[PDB]
2 protein chains.
Amino acid sequence: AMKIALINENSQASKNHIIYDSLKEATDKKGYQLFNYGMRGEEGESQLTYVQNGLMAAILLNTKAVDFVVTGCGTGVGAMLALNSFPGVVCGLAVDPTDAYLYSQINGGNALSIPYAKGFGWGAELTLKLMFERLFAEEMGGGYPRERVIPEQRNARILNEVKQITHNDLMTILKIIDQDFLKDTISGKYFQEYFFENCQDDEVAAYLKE
Amino acid sequence: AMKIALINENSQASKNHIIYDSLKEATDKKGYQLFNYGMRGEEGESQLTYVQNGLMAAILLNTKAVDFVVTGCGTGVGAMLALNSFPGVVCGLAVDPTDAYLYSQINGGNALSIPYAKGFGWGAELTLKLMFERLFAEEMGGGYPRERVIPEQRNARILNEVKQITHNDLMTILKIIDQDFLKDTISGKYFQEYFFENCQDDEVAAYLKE
């Protein structure tokens, strides 16, 4: 059963309830498990910037705690930039339902960022619900058009092969990265609850536990 | 005088002339130098995939051959994913003129990817011209709104600091990466002409020269 994470940062935390409700409708339909890992817009909660969003997503995805991360920010760009800087994280950006569908078919990565402020007005939750339906409608990497499945899959494969070279490994990153930065990223009660229960990488769990 | 690179891959090479003409109008206005580094849609020319786009952009940006890279593909997502996997490359994705403006103010990275197929129909060159005007209208990183300049700049700074850790360095990447892959990326006559003339990193120039 595919595991999905939702991660909101500071600027858009007050919209988390809406984004979650929209996402949950789509994940429920597919039978996926949804984990609300980031900010919920609750007073006094543990804070996250879009850069910390990338770090959290990298920890979750590389350890297989989740299979897919949904994130974003005001424009979605910042979160997208940060997630893609990490090993094992391929994060698209989508602004309409067709974009979300094409992302799933052409790129078939393990994360997507969406704008939650720019263009986000009346009826925004209708668009979100539709975007999430289209994101999960069909098996990922299936190609658009169906006839271009081979080269699209090939290039997606090569990107991953290149990322193996261009990124440092996760354990190195965690040991080098600023320690307050990392502690703050993983300090949230929900991360603390969900991650250790779902982490499939014993080495990383042990390092983060203290 | 800011140096801009345009890099098109295979799928969108036939649109290069249009994209270049639109870009050149905006760069001319600002007094920037524009270099058409990728595919031009000319028969028998040296080929590039969106992944090779990332490699080329990383070489150009890290050596200071150019200061800014404009790229894209059918949706712009693939190129965005690849460019962001490299050290020293921060590539946004923008679909309308306001997106391009916000990118420049909020993120202030050194690359932008645009869709050249999805949504690209009648009057697409009007939209492109406007997007490029808005991209270069104001000093980058100036903040939107002006009042949020401090935290937006701070997060942009932190992303770069994190990228120092999460990415391998360029020289390592070039020595490790598949050699046919790298040779094919840099085999184009225009790269061969422009890069060595503009490269400010003696070490990289020497490695690529053979």
Side-chain angles (χ1 to χ4, degrees), chain A residues 151 154-167, chain B residues 2-17 19-20 23 33-73 76 78-91 109-113 116 167-210:
Chain A
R154 173 157 44 73
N155 283 144
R157 186 192 89 235
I158 305 289
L159 170 60
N160 293 346
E161 281 160 31
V162 171
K163 282 178 69 82
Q164 295 280 337
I165 293 160
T166 65
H167 299 280
Chain B
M2 194 179 296
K3 291 176 189 185
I4 314 295
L6 176 54
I7 309 165
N8 276 298
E9 47 68 77
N10 289 136
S11 66
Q12 308 308 312
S14 69
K15 305 208 181 89
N16 177 258
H17 73 300
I19 303 156
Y20 177 88
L23 183 42
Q33 314 172 243
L34 175 58
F35 296 84
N36 202 4
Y37 259 101
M39 295 180 72
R40 308 193 169 192
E42 293 165 355
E43 267 233 332
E45 77 186 327
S46 198
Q47 288 209 294
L48 293 174
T49 70
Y50 66 80
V51 186
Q52 285 174 315
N53 274 27
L55 177 58
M56 180 180 288
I59 291 169
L60 296 184
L61 290 159
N62 281 286
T63 60
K64 292 163 171 70
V66 297
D67 305 295
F68 197 95
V69 168
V70 174
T71 189
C73 36
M80 181 205 76
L81 292 174
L83 267 75
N84 285 116
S85 300
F86 284 87
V89 183
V90 179
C91 184
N110 61 6
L112 183 68
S113 182
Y116 301 127
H167 299 280
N168 256 279
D169 60 77
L170 188 62
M171 212 57 57
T172 297
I173 290 165
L174 295 174
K175 290 173 177 206
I176 280 175
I177 204 162
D178 213 299
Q179 284 308 303
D180 283 327
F181 190 87
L182 167 65
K183 272 170 178 261
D184 298 348
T185 299
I186 67 167
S187 69
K189 68 148 293 176
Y190 290 118
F191 181 95
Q192 283 296 314
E193 173 180 16
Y194 307 157
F195 170 73
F196 298 101
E197 194 66 310
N198 292 278
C199 176
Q200 294 178 39
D201 197 310
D202 298 26
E203 198 197 12
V204 174
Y207 184 79
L208 298 180
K209 203 61 206 161
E210 280 198 13

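In what follows, every chain begins at residue 1, and chains take the letters A, B, ... in the order their sequences are listed. The analysis underlying the following values was restricted to heavy atoms, covering all of them including side chains, and did not include hydrogens, waters or symmetry mates.
Under the 30°/60° scheme for interplanar angles, the aromatic rings of B:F191 and B:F195 are found to lie parallel.
B:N198 and B:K3 share a side-chain donor-acceptor pair at under 3.5 Å. No side-chain N or O of B:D201 forms a donor-acceptor pair with one of B:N62 less than 3.5 Å apart. Using a 3.5 Å distance cut-off with no hydrogens or angles, the side chains of B:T71 and B:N53 do pair a donor with an acceptor. A donor atom on one side chain and an acceptor atom on the other are not found under 3.5 Å apart for B:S187 and B:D184.
With rounding to the nearest 0.5 Å, the separation of CG in B:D178 from CG in B:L55 is 11.0 Å. Taken from CD in B:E197 to CD in B:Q192, the straight-line distance is 13.0 Å, to the nearest 0.5 Å. If you take CG on B:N168 and CG on B:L174, they are separated by 11.0 Å, rounding to the nearest 0.5 Å. Rounding to the nearest 0.5 Å gives a distance of 9.5 Å between CD1 of B:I173 and OG of B:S85. Between the CG atom of B:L48 and the CG atom of B:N8 there is a distance of 9.5 Å, given to the nearest 0.5 Å. With values rounded to the nearest 0.5 angstrom, B:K15 atom NZ is found 11.0 Å from B:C73 atom SG.
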Please walk me through it: do B:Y50 and B:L83 pass side chain to side chain contact (heavy atoms under 4.5 Å, CB included)? CA-CA 9 Å; B:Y50 66 80; B:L83 267 75; over 6 Å; no

Can B:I186 and B:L182 be said to form a side chain to side chain contact (heavy atoms under 4.5 Å, CB included), step by step? CA-CA 6 Å; B:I186 67 167; B:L182 167 65; 4.2 Å; yes

(Q) For a side chain to side chain contact (heavy atoms under 4.5 Å, CB included) check, start with the C-alpha distance between B:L6 and B:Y37, then their side-chain angles and the critical distance, and finish with the verdict. (A) CA-CA 6 Å; B:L6 176 54; B:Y37 259 101; over 6 Å; no

Give the intermediate values and the outcome of side chain to side chain contact (heavy atoms under 4.5 Å, CB included) for residues B:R40 and B:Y20. CA-CA 9 Å; B:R40 308 193 169 192; B:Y20 177 88; over 6 Å; no

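Other residues, nucleotides and ligands contribute more than 12 heavy atoms inside 6.0 Å of the CD atom of B:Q179. Within a 6.0 Å sphere centred on CD of B:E203, other residues, nucleotides and ligands contribute 12 heavy atoms or fewer.
B:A82 and A:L159 make their closest contact through CA-CD1, 3.7 Å (heavy atoms, listed as atom of the first residue, atom of the second, distance). Between B:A79 and B:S113, the closest heavy-atom pair is CB-OG, 3.8 Å. Between B:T63 and B:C199, the shortest heavy-atom contact is CB-SG, 3.6 Å. Across all non-hydrogen atoms, the minimal contact from B:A5 to B:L60 is CB-CD1, 4.0 Å. Heavy-atom minimum distance, B:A13 versus B:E45: CB-OE2, 4.1 Å. Between A:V162 and B:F86, the shortest heavy-atom distance links the atoms CG1-CZ, 3.8 Å.
Using a 4.5 Å heavy-atom threshold, the side chains of B:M39 and B:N10 count as touching. B:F181 places a side-chain heavy atom less than 4.5 Å from the side chain of A:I158. The closest side-chain heavy-atom distance from B:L208 to B:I59 is below 4.5 Å. Taking the side chain as every heavy atom from C-beta outward, B:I4 and B:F35 never approach each other to under 4.5 Å.
Remark: side-chain polar atoms of B:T185 are not paired, donor with acceptor, to backbone N or O of B:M56 under 3.5 angstrom. Of the possible polar contacts, none joining the B:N110 side chain to the B:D67 backbone as a donor-acceptor pair under 3.5 Å is found. Put simply, the side chain of B:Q12 never gets that close to the backbone of B:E9: no donor and acceptor are under 3.5 Å apart.
Seen from the ring of B:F196, B:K209 counts as a face-on cation partner, given the 6.0 Å and 45° thresholds.
Every residue two or more places apart in sequence or in another chain that forms a ring pair (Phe, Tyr, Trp, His ring centres under 6.0 Å) with B:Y190 is listed here: B:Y194.
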